[PDB]
Amino acid sequence: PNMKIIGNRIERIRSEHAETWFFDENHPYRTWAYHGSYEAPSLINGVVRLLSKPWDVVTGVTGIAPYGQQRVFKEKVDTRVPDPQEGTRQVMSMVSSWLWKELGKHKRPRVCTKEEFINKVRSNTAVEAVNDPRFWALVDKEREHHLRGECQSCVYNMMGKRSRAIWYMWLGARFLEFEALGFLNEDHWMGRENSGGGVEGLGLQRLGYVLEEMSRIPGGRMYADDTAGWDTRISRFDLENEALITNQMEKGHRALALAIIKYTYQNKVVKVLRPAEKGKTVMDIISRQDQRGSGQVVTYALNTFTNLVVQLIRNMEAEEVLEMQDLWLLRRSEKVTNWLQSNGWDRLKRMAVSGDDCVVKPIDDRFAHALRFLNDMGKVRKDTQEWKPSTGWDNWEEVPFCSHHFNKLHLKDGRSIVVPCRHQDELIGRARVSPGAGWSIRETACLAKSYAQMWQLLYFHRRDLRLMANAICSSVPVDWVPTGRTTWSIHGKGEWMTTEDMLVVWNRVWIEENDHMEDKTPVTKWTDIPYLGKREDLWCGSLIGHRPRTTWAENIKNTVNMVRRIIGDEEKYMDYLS
Ligand SMILES: [Zn+2]
Ligand SMILES: [Zn+2]
């Protein structure tokens, strides 16, 4: 616990709650430093709920909608992993340093501007803060501190969701992080063209083509191993290797970035709620020098970086460049440098890495049992036993990637398309959830419209979703603009957040701007656009044939009329069901 780095933030919080501040001698924190406590003080989308009655009795759908916060913390966040051996550490540094240099070959780091940040907040209480000059003054005071060598307010607010913990920060802390490290996103350092293995900037509509491209590279099976709680396994050594990017920055920019890396990444201070007696609630103040603070501006890019480093190392272990003697200490580094310069880029191209999600196509199946460095780095695989060899896939269409699987389908004319797919319950369940209280029928209907148009663009091949989306679009006024967000994923490019005709938008995305679509002939009607095969639609959770779903479909126009009565019969509506 570096008090000379975290003390100022702790004193600032203590001053703001001096009368209630206490030190709970019986706090539950084991692997987090405890500093003290103080006395601190979802909804359904009715439109989507009304048009999806068969999914009220489906637990896979309804399940999506301080006691719960502490549960997530004690189980997956309050853990400590042993440090990797010295040789593992030298290998991680060497590959990270090689990777930053490859990524920086055709790109130079740069500072991101106040106006770039504002153009971002206007694109996606929140909008009023950047328009107020008092916010930019607080930002300026915190930057002053950062350049001197201190931090007062870059403090996290942790919210547990019972699965994962989401770490919040005030808009000001995120602007400062964006200013110094946002260039990784804005300039696509993790884009496929620049990184080889990255997929940043590609929509879910292109990810299948990436996997299909990888399936054609000679080698072993495709491996898609998830790491159990990736963000909680980011070690202090991963953070120092990620911060090597500062060596490519000019002094001024370097000072801003080193401050972010020191206070937001490497010496975190966090506020967390905890249930107290007589229904009362406390806020604890805790600190940690490792783990990823999930939900931060460059979380995705940095996770992508470290994941590419982990897969290059696993491939080096598999190819026998690294042996079990290299874990304890790496005596000769020359073999690693030679493997990176000769094979580095070829191995990057055999990967698709999106944050903590990866698919690797190795040169043979020795990759399945190359686990010694993977386990020494603390990157333990999900659900499987630590030393049980990984199971790879033969069919790229069955490979999991970004919570999806990809399928080749055929248009009525014979052209093939590669579509994203996932279990329907997850999609319907997510669309039934509305974030925000006091929500007007307009905002709820507009969010419903965004979900329906997203389904039309990406999940058009699911029979239930095509029907449900058309009923939503028939119940919401035509001129009402879609609002909100249907996903947090960087693969959600929001082409559906528009009032442009969805068949025109489908054509732009699947035909015109699809490089994997050779023949550019437009598709002029929805019936030309295919569904999955009944067996596959059923496997991924379809209710086609199921009695309540059939009644739902038979009564759908009546249901649409009821929603139109509630929104208002004076509004203008289009019938997308006919
Ligand atoms: Zn700060
Ligand atoms: Zn599927």
# chains A, B, ... in the order shown; residues from 1 in each chain; ligands from 1
>>> select_by_dssp(residues="stretch 273-331 of chain A", states="helix (DSSP H, G or I)", output="ChimeraX atom specification")
/A:277-279,299-318,325-328
>>> write_last_selection(atoms="C-alpha atoms", output="PDB file, in the first residue's frame")
ATOM      1  CA  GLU A 277     -27.022  -3.118  10.942  1.00  0.00           C
ATOM      2  CA  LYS A 278     -30.696  -1.884  11.212  1.00  0.00           C
ATOM      3  CA  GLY A 279     -30.907  -1.651   7.407  1.00  0.00           C
ATOM      4  CA  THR A 299      -9.812  -1.201 -20.840  1.00  0.00           C
ATOM      5  CA  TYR A 300     -10.617  -2.897 -24.180  1.00  0.00           C
ATOM      6  CA  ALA A 301      -7.403  -1.857 -25.976  1.00  0.00           C
ATOM      7  CA  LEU A 302      -5.201  -2.836 -23.012  1.00  0.00           C
ATOM      8  CA  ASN A 303      -6.944  -6.190 -22.559  1.00  0.00           C
ATOM      9  CA  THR A 304      -6.424  -6.756 -26.320  1.00  0.00           C
ATOM     10  CA  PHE A 305      -2.733  -5.964 -26.006  1.00  0.00           C
ATOM     11  CA  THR A 306      -2.121  -8.317 -23.070  1.00  0.00           C
ATOM     12  CA  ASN A 307      -4.213 -11.055 -24.695  1.00  0.00           C
ATOM     13  CA  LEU A 308      -2.073 -10.852 -27.910  1.00  0.00           C
ATOM     14  CA  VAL A 309       1.091 -11.074 -25.709  1.00  0.00           C
ATOM     15  CA  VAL A 310      -0.376 -14.191 -23.896  1.00  0.00           C
ATOM     16  CA  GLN A 311      -1.185 -15.954 -27.203  1.00  0.00           C
ATOM     17  CA  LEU A 312       2.254 -15.256 -28.771  1.00  0.00           C
ATOM     18  CA  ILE A 313       3.886 -16.780 -25.622  1.00  0.00           C
ATOM     19  CA  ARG A 314       1.587 -19.833 -25.687  1.00  0.00           C
ATOM     20  CA  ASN A 315       2.511 -20.350 -29.371  1.00  0.00           C
ATOM     21  CA  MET A 316       6.264 -20.057 -28.443  1.00  0.00           C
ATOM     22  CA  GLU A 317       5.757 -22.659 -25.700  1.00  0.00           C
ATOM     23  CA  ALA A 318       3.835 -24.930 -28.140  1.00  0.00           C
ATOM     24  CA  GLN A 325      13.800 -24.192 -17.773  1.00  0.00           C
ATOM     25  CA  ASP A 326      12.839 -20.704 -19.176  1.00  0.00           C
ATOM     26  CA  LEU A 327      10.037 -20.273 -16.518  1.00  0.00           C
ATOM     27  CA  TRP A 328      12.531 -19.835 -13.590  1.00  0.00           C
TER      28      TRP A 328
END
>>> closest_atom_pairs(of="chain A", to="ligand 1", cutoff="9 Å", atoms="only C-alpha atoms and all ligand atoms", output="tab-separated table")
residue	atom	partner	partner_atom_place_in_ligand_line	distance
A:9	CA	ligand 1	1 (Zn)	8.2
A:142	CA	ligand 1	1 (Zn)	5.7
A:143	CA	ligand 1	1 (Zn)	7.2
A:145	CA	ligand 1	1 (Zn)	7.2
A:146	CA	ligand 1	1 (Zn)	6.0
A:150	CA	ligand 1	1 (Zn)	7.1
A:151	CA	ligand 1	1 (Zn)	3.9
A:152	CA	ligand 1	1 (Zn)	5.3
A:153	CA	ligand 1	1 (Zn)	5.0
A:154	CA	ligand 1	1 (Zn)	3.9
A:155	CA	ligand 1	1 (Zn)	7.6
A:173	CA	ligand 1	1 (Zn)	6.6
A:176	CA	ligand 1	1 (Zn)	8.1
A:259	CA	ligand 1	1 (Zn)	7.6
A:260	CA	ligand 1	1 (Zn)	7.3
A:263	CA	ligand 1	1 (Zn)	6.4
A:264	CA	ligand 1	1 (Zn)	7.5
>>> closest_atom_pairs(of="chain A", to="ligand 2", cutoff="9 Å", atoms="only C-alpha atoms and all ligand atoms", output="tab-separated table")
residue	atom	partner	partner_atom_place_in_ligand_line	distance
A:398	CA	ligand 2	1 (Zn)	8.8
A:404	CA	ligand 2	1 (Zn)	7.7
A:405	CA	ligand 2	1 (Zn)	6.2
A:406	CA	ligand 2	1 (Zn)	7.3
A:407	CA	ligand 2	1 (Zn)	7.5
A:420	CA	ligand 2	1 (Zn)	7.6
A:421	CA	ligand 2	1 (Zn)	4.3
A:422	CA	ligand 2	1 (Zn)	4.9
A:423	CA	ligand 2	1 (Zn)	6.1
A:424	CA	ligand 2	1 (Zn)	8.3
A:462	CA	ligand 2	1 (Zn)	8.6
A:532	CA	ligand 2	1 (Zn)	8.1
A:536	CA	ligand 2	1 (Zn)	6.2
A:537	CA	ligand 2	1 (Zn)	6.6
A:538	CA	ligand 2	1 (Zn)	8.7
A:539	CA	ligand 2	1 (Zn)	7.0
A:540	CA	ligand 2	1 (Zn)	4.7
A:541	CA	ligand 2	1 (Zn)	8.3
>>> write_last_selection(atoms="N, CA and C atoms", output="PDB file, in the first residue's frame")
ATOM      1  N   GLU A 398     -18.747 -23.466 -35.247  1.00  0.00           N
ATOM      2  CA  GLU A 398     -19.062 -23.855 -33.872  1.00  0.00           C
ATOM      3  C   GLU A 398     -18.188 -23.132 -32.832  1.00  0.00           C
ATOM      4  N   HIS A 404     -20.744 -15.092 -29.384  1.00  0.00           N
ATOM      5  CA  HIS A 404     -21.444 -15.484 -30.588  1.00  0.00           C
ATOM      6  C   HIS A 404     -20.770 -16.673 -31.262  1.00  0.00           C
ATOM      7  N   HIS A 405     -21.468 -17.226 -32.231  1.00  0.00           N
ATOM      8  CA  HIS A 405     -21.001 -18.205 -33.175  1.00  0.00           C
ATOM      9  C   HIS A 405     -21.472 -17.695 -34.528  1.00  0.00           C
ATOM     10  N   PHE A 406     -20.786 -18.132 -35.576  1.00  0.00           N
ATOM     11  CA  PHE A 406     -21.020 -17.593 -36.893  1.00  0.00           C
ATOM     12  C   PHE A 406     -21.463 -18.673 -37.864  1.00  0.00           C
ATOM     13  N   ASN A 407     -22.425 -18.352 -38.739  1.00  0.00           N
ATOM     14  CA  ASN A 407     -22.971 -19.336 -39.672  1.00  0.00           C
ATOM     15  C   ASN A 407     -22.996 -18.834 -41.116  1.00  0.00           C
ATOM     16  N   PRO A 420     -23.862 -13.531 -37.644  1.00  0.00           N
ATOM     17  CA  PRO A 420     -23.637 -13.769 -36.217  1.00  0.00           C
ATOM     18  C   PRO A 420     -24.860 -14.389 -35.547  1.00  0.00           C
ATOM     19  N   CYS A 421     -24.624 -15.264 -34.565  1.00  0.00           N
ATOM     20  CA  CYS A 421     -25.702 -15.921 -33.869  1.00  0.00           C
ATOM     21  C   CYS A 421     -25.377 -16.143 -32.393  1.00  0.00           C
ATOM     22  N   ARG A 422     -26.396 -16.118 -31.584  1.00  0.00           N
ATOM     23  CA  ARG A 422     -26.311 -16.419 -30.170  1.00  0.00           C
ATOM     24  C   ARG A 422     -27.703 -16.929 -29.701  1.00  0.00           C
ATOM     25  N   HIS A 423     -27.792 -17.513 -28.516  1.00  0.00           N
ATOM     26  CA  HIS A 423     -29.063 -18.039 -27.979  1.00  0.00           C
ATOM     27  C   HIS A 423     -30.090 -16.917 -27.874  1.00  0.00           C
ATOM     28  N   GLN A 424     -31.269 -17.111 -28.456  1.00  0.00           N
ATOM     29  CA  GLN A 424     -32.324 -16.090 -28.501  1.00  0.00           C
ATOM     30  C   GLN A 424     -32.770 -15.488 -27.172  1.00  0.00           C
ATOM     31  N   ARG A 462     -33.144 -15.231 -37.447  1.00  0.00           N
ATOM     32  CA  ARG A 462     -33.869 -15.918 -36.370  1.00  0.00           C
ATOM     33  C   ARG A 462     -35.339 -15.689 -36.583  1.00  0.00           C
ATOM     34  N   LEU A 532     -32.032 -19.105 -40.530  1.00  0.00           N
ATOM     35  CA  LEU A 532     -31.289 -20.330 -40.204  1.00  0.00           C
ATOM     36  C   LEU A 532     -32.180 -21.545 -40.589  1.00  0.00           C
ATOM     37  N   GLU A 536     -31.221 -25.575 -36.621  1.00  0.00           N
ATOM     38  CA  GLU A 536     -30.307 -24.590 -36.044  1.00  0.00           C
ATOM     39  C   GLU A 536     -31.063 -23.467 -35.326  1.00  0.00           C
ATOM     40  N   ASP A 537     -32.166 -22.974 -35.902  1.00  0.00           N
ATOM     41  CA  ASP A 537     -32.985 -21.948 -35.249  1.00  0.00           C
ATOM     42  C   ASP A 537     -33.509 -22.489 -33.917  1.00  0.00           C
ATOM     43  N   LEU A 538     -34.025 -23.744 -33.918  1.00  0.00           N
ATOM     44  CA  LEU A 538     -34.461 -24.435 -32.680  1.00  0.00           C
ATOM     45  C   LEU A 538     -33.319 -24.663 -31.671  1.00  0.00           C
ATOM     46  N   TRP A 539     -32.141 -25.085 -32.144  1.00  0.00           N
ATOM     47  CA  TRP A 539     -30.993 -25.335 -31.271  1.00  0.00           C
ATOM     48  C   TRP A 539     -30.610 -24.090 -30.488  1.00  0.00           C
ATOM     49  N   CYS A 540     -30.658 -22.921 -31.142  1.00  0.00           N
ATOM     50  CA  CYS A 540     -30.320 -21.668 -30.501  1.00  0.00           C
ATOM     51  C   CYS A 540     -31.496 -20.949 -29.841  1.00  0.00           C
ATOM     52  N   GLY A 541     -32.468 -21.722 -29.386  1.00  0.00           N
ATOM     53  CA  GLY A 541     -33.565 -21.236 -28.567  1.00  0.00           C
ATOM     54  C   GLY A 541     -34.845 -20.794 -29.211  1.00  0.00           C
TER      55      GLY A 541
END
>>> atom_distance(atom1="atom CA of residue A:319", atom2="atom CA of residue A:210")
23.8 Å
>>> atom_distance(atom1="atom CA of residue A:466", atom2="atom CA of residue A:397")
21.7 Å
>>> atom_distance(atom1="atom CA of residue A:566", atom2="atom CA of residue A:428")
21.9 Å
>>> residues_around(residues="residue A:357", least_positions_apart="3", cutoff="7 Å", atoms="only C-alpha atoms", output="ChimeraX atom specification")
/A:226,353-354,401-402
>>> closest_residue(among="A:492, A:60, A:435, A:275", to="residue A:205", atoms="only C-alpha atoms")
A:492
>>> residues_around(residues="residue A:222", least_positions_apart="5", cutoff="7 Å", atoms="only C-alpha atoms", output="list in words")
residues 359, 360, 361, 392, 393 and 394 of chain A
>>> write_last_selection(atoms="C-alpha atoms", output="mmCIF file, in the first residue's frame")
data_model
loop_
_atom_site.group_PDB
_atom_site.id
_atom_site.type_symbol
_atom_site.label_atom_id
_atom_site.label_comp_id
_atom_site.auth_asym_id
_atom_site.auth_seq_id
_atom_site.Cartn_x
_atom_site.Cartn_y
_atom_site.Cartn_z
ATOM 1 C CA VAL A 359 -9.588 -17.569 -31.176
ATOM 2 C CA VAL A 360 -6.172 -18.926 -32.187
ATOM 3 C CA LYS A 361 -5.294 -21.121 -35.221
ATOM 4 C CA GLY A 392 -10.075 -27.187 -30.181
ATOM 5 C CA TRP A 393 -12.766 -26.998 -32.830
ATOM 6 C CA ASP A 394 -12.721 -28.431 -36.396
#
>>> residues_around(residues="residue A:383", least_positions_apart="4", cutoff="10 Å", atoms="only C-alpha atoms", output="number ranges by chain")
A: 225-228
>>> residues_around(residues="residue A:107", least_positions_apart="2", cutoff="8 Å", atoms="only C-alpha atoms", output="count of residues only")
6
>>> closest_residue(among="A:465, A:211, A:502, A:286", to="residue A:30", atoms="only C-alpha atoms")
A:286
>>> decode(residues="stretch 197-232 of chain A", atoms="N, CA, C and O atoms", output="mmCIF file, in the first residue's frame")
data_model
loop_
_atom_site.group_PDB
_atom_site.id
_atom_site.type_symbol
_atom_site.label_atom_id
_atom_site.label_comp_id
_atom_site.auth_asym_id
_atom_site.auth_seq_id
_atom_site.Cartn_x
_atom_site.Cartn_y
_atom_site.Cartn_z
ATOM 1 N N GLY A 197 -3.722 -9.469 -35.182
ATOM 2 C CA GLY A 197 -4.635 -10.292 -34.404
ATOM 3 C C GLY A 197 -5.865 -9.589 -33.876
ATOM 4 O O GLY A 197 -6.837 -10.246 -33.513
ATOM 5 N N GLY A 198 -5.833 -8.269 -33.841
ATOM 6 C CA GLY A 198 -6.976 -7.488 -33.375
ATOM 7 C C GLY A 198 -8.132 -7.464 -34.361
ATOM 8 O O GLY A 198 -8.008 -7.930 -35.502
ATOM 9 N N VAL A 199 -9.283 -6.972 -33.897
ATOM 10 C CA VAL A 199 -10.557 -6.903 -34.639
ATOM 11 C C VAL A 199 -11.314 -5.589 -34.260
ATOM 12 O O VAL A 199 -12.525 -5.500 -34.480
ATOM 13 N N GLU A 200 -10.622 -4.596 -33.669
ATOM 14 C CA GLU A 200 -11.233 -3.352 -33.229
ATOM 15 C C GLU A 200 -11.660 -2.539 -34.410
ATOM 16 O O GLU A 200 -10.884 -2.348 -35.338
ATOM 17 N N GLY A 201 -12.905 -2.080 -34.388
ATOM 18 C CA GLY A 201 -13.438 -1.297 -35.484
ATOM 19 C C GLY A 201 -14.282 -2.135 -36.416
ATOM 20 O O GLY A 201 -14.967 -1.580 -37.281
ATOM 21 N N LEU A 202 -14.239 -3.479 -36.278
ATOM 22 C CA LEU A 202 -15.054 -4.357 -37.107
ATOM 23 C C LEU A 202 -16.371 -4.596 -36.373
ATOM 24 O O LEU A 202 -16.389 -4.783 -35.150
ATOM 25 N N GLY A 203 -17.466 -4.568 -37.111
ATOM 26 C CA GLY A 203 -18.764 -4.848 -36.524
ATOM 27 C C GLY A 203 -18.960 -6.344 -36.423
ATOM 28 O O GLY A 203 -18.282 -7.134 -37.098
ATOM 29 N N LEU A 204 -19.939 -6.747 -35.651
ATOM 30 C CA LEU A 204 -20.289 -8.151 -35.491
ATOM 31 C C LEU A 204 -20.596 -8.828 -36.878
ATOM 32 O O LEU A 204 -20.369 -10.032 -37.039
ATOM 33 N N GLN A 205 -21.008 -8.022 -37.892
ATOM 34 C CA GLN A 205 -21.295 -8.472 -39.269
ATOM 35 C C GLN A 205 -20.051 -8.946 -40.040
ATOM 36 O O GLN A 205 -20.209 -9.597 -41.077
ATOM 37 N N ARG A 206 -18.829 -8.638 -39.536
ATOM 38 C CA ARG A 206 -17.583 -9.045 -40.191
ATOM 39 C C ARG A 206 -16.792 -10.114 -39.453
ATOM 40 O O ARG A 206 -15.875 -10.681 -40.049
ATOM 41 N N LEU A 207 -17.109 -10.370 -38.172
ATOM 42 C CA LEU A 207 -16.344 -11.289 -37.326
ATOM 43 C C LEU A 207 -16.342 -12.716 -37.806
ATOM 44 O O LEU A 207 -15.327 -13.399 -37.649
ATOM 45 N N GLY A 208 -17.440 -13.141 -38.413
ATOM 46 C CA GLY A 208 -17.538 -14.475 -38.992
ATOM 47 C C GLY A 208 -16.581 -14.706 -40.141
ATOM 48 O O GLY A 208 -15.988 -15.762 -40.243
ATOM 49 N N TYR A 209 -16.391 -13.699 -40.976
ATOM 50 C CA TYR A 209 -15.478 -13.713 -42.117
ATOM 51 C C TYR A 209 -14.029 -13.838 -41.645
ATOM 52 O O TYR A 209 -13.217 -14.494 -42.309
ATOM 53 N N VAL A 210 -13.702 -13.209 -40.492
ATOM 54 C CA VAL A 210 -12.397 -13.292 -39.884
ATOM 55 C C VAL A 210 -12.120 -14.753 -39.493
ATOM 56 O O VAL A 210 -11.046 -15.284 -39.794
ATOM 57 N N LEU A 211 -13.086 -15.389 -38.831
ATOM 58 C CA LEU A 211 -12.965 -16.770 -38.386
ATOM 59 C C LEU A 211 -12.888 -17.729 -39.549
ATOM 60 O O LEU A 211 -12.130 -18.700 -39.493
ATOM 61 N N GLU A 212 -13.674 -17.470 -40.603
ATOM 62 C CA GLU A 212 -13.674 -18.296 -41.806
ATOM 63 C C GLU A 212 -12.320 -18.166 -42.516
ATOM 64 O O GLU A 212 -11.763 -19.189 -42.930
ATOM 65 N N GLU A 213 -11.753 -16.938 -42.564
ATOM 66 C CA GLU A 213 -10.413 -16.672 -43.109
ATOM 67 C C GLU A 213 -9.380 -17.485 -42.304
ATOM 68 O O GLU A 213 -8.547 -18.143 -42.910
ATOM 69 N N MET A 214 -9.439 -17.444 -40.957
ATOM 70 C CA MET A 214 -8.532 -18.219 -40.100
ATOM 71 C C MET A 214 -8.663 -19.734 -40.288
ATOM 72 O O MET A 214 -7.659 -20.429 -40.235
ATOM 73 N N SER A 215 -9.891 -20.247 -40.525
ATOM 74 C CA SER A 215 -10.120 -21.688 -40.738
ATOM 75 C C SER A 215 -9.358 -22.241 -41.950
ATOM 76 O O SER A 215 -9.108 -23.434 -42.017
ATOM 77 N N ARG A 216 -9.008 -21.371 -42.907
ATOM 78 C CA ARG A 216 -8.288 -21.732 -44.120
ATOM 79 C C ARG A 216 -6.767 -21.657 -43.981
ATOM 80 O O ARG A 216 -6.070 -22.027 -44.913
ATOM 81 N N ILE A 217 -6.246 -21.156 -42.850
ATOM 82 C CA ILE A 217 -4.807 -21.120 -42.633
ATOM 83 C C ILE A 217 -4.405 -22.511 -42.173
ATOM 84 O O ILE A 217 -5.015 -23.065 -41.251
ATOM 85 N N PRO A 218 -3.414 -23.128 -42.837
ATOM 86 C CA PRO A 218 -2.993 -24.485 -42.424
ATOM 87 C C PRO A 218 -2.516 -24.559 -40.966
ATOM 88 O O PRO A 218 -1.829 -23.651 -40.498
ATOM 89 N N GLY A 219 -2.827 -25.655 -40.278
ATOM 90 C CA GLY A 219 -2.379 -25.833 -38.910
ATOM 91 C C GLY A 219 -3.240 -26.769 -38.115
ATOM 92 O O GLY A 219 -3.821 -27.693 -38.671
ATOM 93 N N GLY A 220 -3.311 -26.535 -36.810
ATOM 94 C CA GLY A 220 -4.144 -27.334 -35.920
ATOM 95 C C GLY A 220 -5.589 -26.869 -35.921
ATOM 96 O O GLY A 220 -6.020 -26.130 -36.805
ATOM 97 N N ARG A 221 -6.348 -27.277 -34.912
ATOM 98 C CA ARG A 221 -7.735 -26.857 -34.765
ATOM 99 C C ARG A 221 -7.783 -25.354 -34.330
ATOM 100 O O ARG A 221 -6.751 -24.729 -34.139
ATOM 101 N N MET A 222 -8.977 -24.785 -34.197
ATOM 102 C CA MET A 222 -9.126 -23.428 -33.708
ATOM 103 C C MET A 222 -9.362 -23.529 -32.227
ATOM 104 O O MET A 222 -10.171 -24.332 -31.793
ATOM 105 N N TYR A 223 -8.636 -22.753 -31.445
ATOM 106 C CA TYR A 223 -8.761 -22.768 -30.007
ATOM 107 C C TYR A 223 -9.389 -21.478 -29.527
ATOM 108 O O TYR A 223 -8.937 -20.409 -29.894
ATOM 109 N N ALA A 224 -10.423 -21.580 -28.680
ATOM 110 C CA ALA A 224 -11.127 -20.429 -28.108
ATOM 111 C C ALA A 224 -11.273 -20.655 -26.599
ATOM 112 O O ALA A 224 -12.316 -21.132 -26.147
ATOM 113 N N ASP A 225 -10.218 -20.371 -25.823
ATOM 114 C CA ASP A 225 -10.267 -20.590 -24.385
ATOM 115 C C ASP A 225 -10.511 -19.298 -23.685
ATOM 116 O O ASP A 225 -9.746 -18.357 -23.885
ATOM 117 N N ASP A 226 -11.549 -19.235 -22.844
ATOM 118 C CA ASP A 226 -11.780 -18.040 -22.036
ATOM 119 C C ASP A 226 -10.935 -18.144 -20.761
ATOM 120 O O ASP A 226 -10.691 -19.249 -20.275
ATOM 121 N N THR A 227 -10.449 -17.007 -20.242
ATOM 122 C CA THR A 227 -9.696 -16.995 -18.989
ATOM 123 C C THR A 227 -10.715 -16.726 -17.870
ATOM 124 O O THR A 227 -11.569 -15.848 -18.038
ATOM 125 N N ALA A 228 -10.684 -17.503 -16.759
ATOM 126 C CA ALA A 228 -11.665 -17.297 -15.678
ATOM 127 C C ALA A 228 -11.444 -15.946 -15.000
ATOM 128 O O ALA A 228 -10.409 -15.747 -14.357
ATOM 129 N N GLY A 229 -12.390 -15.023 -15.200
ATOM 130 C CA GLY A 229 -12.321 -13.665 -14.660
ATOM 131 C C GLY A 229 -11.048 -12.932 -15.054
ATOM 132 O O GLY A 229 -10.188 -12.698 -14.206
ATOM 133 N N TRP A 230 -10.904 -12.620 -16.349
ATOM 134 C CA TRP A 230 -9.742 -11.988 -16.965
ATOM 135 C C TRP A 230 -9.225 -10.727 -16.244
ATOM 136 O O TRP A 230 -8.024 -10.614 -15.990
ATOM 137 N N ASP A 231 -10.126 -9.778 -15.962
ATOM 138 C CA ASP A 231 -9.781 -8.512 -15.340
ATOM 139 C C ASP A 231 -9.209 -8.692 -13.947
ATOM 140 O O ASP A 231 -8.286 -7.955 -13.581
ATOM 141 N N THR A 232 -9.672 -9.717 -13.202
ATOM 142 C CA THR A 232 -9.115 -9.977 -11.874
ATOM 143 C C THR A 232 -7.750 -10.667 -11.915
ATOM 144 O O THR A 232 -7.080 -10.733 -10.889
#
